[PDB]
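Report on the structure given below.
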Protein chains: 6
Amino acid sequence: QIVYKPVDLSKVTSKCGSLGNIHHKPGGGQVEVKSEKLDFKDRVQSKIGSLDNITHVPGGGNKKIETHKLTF
Amino acid sequence: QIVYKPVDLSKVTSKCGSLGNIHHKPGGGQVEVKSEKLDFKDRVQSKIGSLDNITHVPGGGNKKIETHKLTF
Amino acid sequence: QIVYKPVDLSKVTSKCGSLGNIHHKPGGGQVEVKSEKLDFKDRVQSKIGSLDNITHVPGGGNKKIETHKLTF
Amino acid sequence: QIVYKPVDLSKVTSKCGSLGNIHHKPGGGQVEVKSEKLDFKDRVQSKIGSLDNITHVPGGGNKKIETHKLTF
Amino acid sequence: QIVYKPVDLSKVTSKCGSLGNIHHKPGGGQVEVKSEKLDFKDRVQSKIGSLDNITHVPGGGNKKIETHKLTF
Amino acid sequence: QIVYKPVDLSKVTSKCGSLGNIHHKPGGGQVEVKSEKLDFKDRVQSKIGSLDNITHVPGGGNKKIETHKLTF
């Protein structure tokens with residue numbers, strides 16, 4: 001007899017009184033790339049020649065990850 | 001007998017009193033890429049020659065990921 | 001006997017008192033790409049030569065991902 | 001007797017065998033100015049808040065400046 | 001008796017066999033200026049808050065400046 | 001008796017066999033200025049808050065300056 005019975009009662013929580021006055025001001029820039037050949041196969045993930053800017057301000061932004069497995 | 005019975009009662013939660021006054025102001029830039037040949041196969045993911053800008057301000061933005069598996 | 005009976009009663013939740021006063025103002029830029037040959041096959045995902053701007057302000061923006069699997 | 005008799009027989013000269021293959025490619029940018037009061041009077045020359053690009057390719061472009069003065 | 005008789009037979013000269021293959025490629029940038037009051041009078045020359053680009057390729061570009069003066 | 005009689009027979013000269021393969025590639029940058037009051041009078045020349053780029057390639061680019069004066 002096999003019984004699998006994990007119990008989860010957890011909390012991930014935040015409080016923030018006021019969130020703001022955020023300034024993001026990058027001063028440009030320059031990028032150059034040279035190549036002759038590219039050859040990509042099974043599950044390649046790639047990024048060539050970027051100049052990318054991100055502002056990310058979540059009011060919460062909490063994460064939880066679970067993985068429940070049984071196997072014979 | 002096999003019984004698979006995980007129980008989840010978890011919480012992911014947030015409170016934010018006021019969210020704002022966010023400024024995102026990038027000053028341009030320059031990108032150059034050279035190649036002769038590209039050849040991409042099974043599940044390739046690619047980005048060549050970008051100048052990309054993102055502002056992301058979710059009021060919550062909480063994440064939960066689950067995976068429940070049984071296998072014989 | 002095989003019983004598969006996961007129970008989920010979990011919550012992903014947010015409150016935000018006021019959301020706004022967000023400014024996104026990029027200053028242009030320049031992008032150049034050269035190649036002679038391309039060949040893309042099974043499940044290729046690609047982006048060549050971009051200058052892309054995104055503003056994303058959801059009032060919630062919460063995410064939940066599930067996967068329930070059984071196999072013999 | 002007063003005699004004013006300058007003699008000018010001078011030359012300003014050029015030769016250029018071939019002219020070209022010139023590239024001018026700026027990557028944008030960002031400019032901000034704040035003030036409350038302006039007051040400009042006699043022979044003021046002014047420029048507030050600029051993002052200006054110039055390409056200038058004259059085949060000659062030679063200059064000669066003269067000033068001849070007499071006074072009693 | 002007053003005689004003013006300067007003589008000019010001078011040369012300003014150039015030869016250039018071929019002029020070219022010139023690249024000017026700046027990567028953007030950012031400028032900010034604050035003030036409350038400006039007050040400009042006799043013969044003021046001014047520039048506030050610039051991001052300016054110049055390419056100048058004259059085939060000759062030679063200069064001569066003269067000033068001939070008499071005064072009593 | 002007053003005689004003023006300078007003689008100029010001078011040469012300013014250049015030869016250049018081939019002029020080129022010139023690259024000018026600045027990488028952006030950031031400038032900030034704060035002030036309360038400015039007050040400019042007789043023959044002020046001024047520059048506040050610049051991010052300026054110049055490429056200057058004359059095929060000749062020779063200069064001569066003269067000044068001939070008599071005074072009583």
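So you can find residues: chains in the structure tokens are A, B, ... in the order shown, residues in each start at 1, and ligands are numbered from 1 in order.
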Test item: residues at most 8 Å from residue 19 of chain C, only C-alpha atoms, excluding those fewer than 3 positions along its chain, as a VMD selection string: (chain B and resid 18 to 20 59) or (chain C and resid 16 59)
Put those residues in a file: N, CA and C atoms, as a PDB file, in the first residue's frame.
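Just written: part24.pdb:
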```pdb
ATOM      1  N   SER B  18      -0.314  52.967  -2.115  1.00  0.00           N
ATOM      2  CA  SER B  18      -0.373  53.795  -3.326  1.00  0.00           C
ATOM      3  C   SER B  18       0.857  53.508  -4.186  1.00  0.00           C
ATOM      4  N   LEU B  19       0.695  53.314  -5.494  1.00  0.00           N
ATOM      5  CA  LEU B  19       1.770  52.947  -6.419  1.00  0.00           C
ATOM      6  C   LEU B  19       1.867  53.940  -7.583  1.00  0.00           C
ATOM      7  N   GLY B  20       3.001  54.620  -7.748  1.00  0.00           N
ATOM      8  CA  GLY B  20       3.136  55.607  -8.817  1.00  0.00           C
ATOM      9  C   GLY B  20       4.356  56.515  -8.741  1.00  0.00           C
ATOM     10  N   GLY B  59      -0.093  46.178 -10.256  1.00  0.00           N
ATOM     11  CA  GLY B  59      -0.576  46.483  -8.905  1.00  0.00           C
ATOM     12  C   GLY B  59      -0.420  45.321  -7.913  1.00  0.00           C
TER      13      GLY B  59
ATOM     14  N   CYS C  16      -4.337  47.223  -4.138  1.00  0.00           N
ATOM     15  CA  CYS C  16      -3.525  48.394  -4.429  1.00  0.00           C
ATOM     16  C   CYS C  16      -4.404  49.649  -4.316  1.00  0.00           C
ATOM     17  N   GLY C  59      -3.900  46.397 -13.215  1.00  0.00           N
ATOM     18  CA  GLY C  59      -4.357  46.657 -11.845  1.00  0.00           C
ATOM     19  C   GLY C  59      -4.163  45.481 -10.879  1.00  0.00           C
TER      20      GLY C  59
END
```
Within 9 Å of residue 47 of chain B, counting only C-alpha atoms, which residues qualify if same-chain residues fewer than 2 places away don't, as a compact mmCIF listing (two decimals) with N, CA and C atoms, in the first residue's frame?
```txt
# COMPACT_ATOMS: atom_id res chain seq x y z
N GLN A 45 18.96 28.65 -26.57
CA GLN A 45 18.38 29.97 -26.29
C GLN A 45 19.48 31.05 -26.37
N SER A 46 19.28 32.10 -27.16
CA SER A 46 20.36 32.98 -27.61
C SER A 46 19.95 34.45 -27.75
N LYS A 47 20.91 35.36 -27.59
CA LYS A 47 20.74 36.82 -27.66
C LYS A 47 22.05 37.46 -28.12
N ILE A 48 22.07 38.05 -29.31
CA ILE A 48 23.26 38.62 -29.96
C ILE A 48 23.02 40.10 -30.30
N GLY A 49 23.82 41.02 -29.77
CA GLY A 49 23.71 42.43 -30.16
C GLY A 49 22.48 43.14 -29.59
N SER A 50 22.37 43.28 -28.27
CA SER A 50 21.27 44.01 -27.62
C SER A 50 21.69 45.29 -26.88
N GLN B 45 15.54 29.32 -29.84
CA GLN B 45 14.96 30.62 -29.52
C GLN B 45 16.03 31.72 -29.60
N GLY B 49 20.19 41.75 -32.79
CA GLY B 49 20.10 43.17 -33.15
C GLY B 49 18.89 43.88 -32.54
N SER B 50 18.79 44.02 -31.22
CA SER B 50 17.69 44.74 -30.55
C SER B 50 18.10 46.03 -29.83
N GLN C 45 11.97 29.98 -32.99
CA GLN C 45 11.39 31.29 -32.66
C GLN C 45 12.46 32.38 -32.75
N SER C 46 12.20 33.45 -33.49
CA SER C 46 13.24 34.38 -33.95
C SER C 46 12.77 35.84 -34.01
N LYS C 47 13.72 36.77 -33.85
CA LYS C 47 13.53 38.22 -33.89
C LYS C 47 14.83 38.87 -34.36
N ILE C 48 14.84 39.47 -35.55
CA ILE C 48 16.04 40.09 -36.14
C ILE C 48 15.79 41.57 -36.42
N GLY C 49 16.57 42.48 -35.84
CA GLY C 49 16.48 43.91 -36.13
C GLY C 49 15.28 44.63 -35.49
N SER C 50 15.19 44.71 -34.16
CA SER C 50 14.09 45.38 -33.44
C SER C 50 14.46 46.68 -32.73
```
Per residue of chain D within 9 Å of chain C, note the shortest atom pair and the distance in Å to one decimal, counting only C-alpha atoms, and order the rows by chain and increasing residue number, as CSV.
```
residue,atom,partner,partner_atom,distance
D:25,CA,C:30,CA,8.0
D:26,CA,C:30,CA,7.4
D:27,CA,C:29,CA,4.2
D:28,CA,C:29,CA,4.8
D:29,CA,C:27,CA,4.9
D:30,CA,C:27,CA,5.4
D:31,CA,C:27,CA,9.0
```
Residue subset to file, keeping N, CA and C atoms, as a PDB file, in the first residue's frame:
```pdb
ATOM      1  N   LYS D  25      25.465  58.935 -38.995  1.00  0.00           N
ATOM      2  CA  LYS D  25      24.360  58.088 -38.503  1.00  0.00           C
ATOM      3  C   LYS D  25      24.230  58.120 -36.969  1.00  0.00           C
ATOM      4  N   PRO D  26      23.684  59.195 -36.363  1.00  0.00           N
ATOM      5  CA  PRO D  26      23.542  59.338 -34.906  1.00  0.00           C
ATOM      6  C   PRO D  26      22.389  58.541 -34.282  1.00  0.00           C
ATOM      7  N   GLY D  27      22.598  58.015 -33.078  1.00  0.00           N
ATOM      8  CA  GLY D  27      21.668  57.166 -32.330  1.00  0.00           C
ATOM      9  C   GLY D  27      20.688  57.875 -31.391  1.00  0.00           C
ATOM     10  N   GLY D  28      20.064  58.979 -31.794  1.00  0.00           N
ATOM     11  CA  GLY D  28      19.049  59.670 -30.987  1.00  0.00           C
ATOM     12  C   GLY D  28      19.619  60.429 -29.785  1.00  0.00           C
ATOM     13  N   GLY D  29      18.932  60.389 -28.646  1.00  0.00           N
ATOM     14  CA  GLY D  29      19.313  61.086 -27.409  1.00  0.00           C
ATOM     15  C   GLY D  29      18.151  61.835 -26.746  1.00  0.00           C
ATOM     16  N   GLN D  30      18.390  62.434 -25.576  1.00  0.00           N
ATOM     17  CA  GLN D  30      17.351  63.087 -24.771  1.00  0.00           C
ATOM     18  C   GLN D  30      17.831  64.378 -24.087  1.00  0.00           C
ATOM     19  N   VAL D  31      17.031  65.448 -24.129  1.00  0.00           N
ATOM     20  CA  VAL D  31      17.373  66.785 -23.597  1.00  0.00           C
ATOM     21  C   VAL D  31      16.208  67.381 -22.803  1.00  0.00           C
TER      22      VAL D  31
END
```
Assign secondary structure with DSSP using the backbone only, and return the residues of chain E in strand (DSSP E or B) as a PyMOL selection string. chain E and resi 2-4+7-8+11-16+19-24+30-34+37-40+45+48-50+53-56+63-65+68-71
Using Å and a single decimal, report how far atom CA of residue 65 of chain F sits from atom CA of residue 64 of chain E. 6.0 Å
Near residue 35 of chain E, counting only C-alpha atoms, which residues have an atom at most 9 Å away, once you skip same-chain residues fewer than 4 positions from it, shown as a ChimeraX atom specification? /D:33-37 /F:33-38
Near residue 67 of chain C, counting only C-alpha atoms, which residues have an atom at most 7 Å away, once you skip same-chain residues fewer than 4 positions from it, shown as JSON, numbers by chain? {"B": [66, 67, 68]}
Spatial neighbours of residue 55 of chain E, 8 Å, only C-alpha atoms, chain gap at least 6 places, as a PyMOL selection string: (chain D and resi 24+54-56) or (chain E and resi 24) or (chain F and resi 54-56)
What is the distance between atom CA of residue 57 of chain F and atom CA of residue 63 of chain E, in Å to one decimal? 14.6 Å
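Summary of the local environment: counting only C-alpha atoms, residues at most 8 Å from residue 5 of chain A, other than itself and those fewer than 2 positions away along its chain, are residues 3 and 7 of chain A; 4, 5, 6 and 7 of chain B.
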I need the residues from that last selection saved to file as a PDB file, in the first residue's frame (with C-alpha atoms), if you can.
```pdb
ATOM      1  CA  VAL A   3      -0.247   6.752   0.307  1.00  0.00           C
ATOM      2  CA  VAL A   7      -0.205  19.098   3.183  1.00  0.00           C
TER       3      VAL A   7
ATOM      4  CA  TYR B   4      -2.125  10.230  -4.485  1.00  0.00           C
ATOM      5  CA  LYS B   5      -3.804  13.027  -2.433  1.00  0.00           C
ATOM      6  CA  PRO B   6      -1.658  16.204  -1.952  1.00  0.00           C
ATOM      7  CA  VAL B   7      -3.605  19.073  -0.240  1.00  0.00           C
TER       8      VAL B   7
END
```
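In this structure, atom CA of residue 23 of chain F sits 16.9 Å away from atom CA of residue 58 of chain E.
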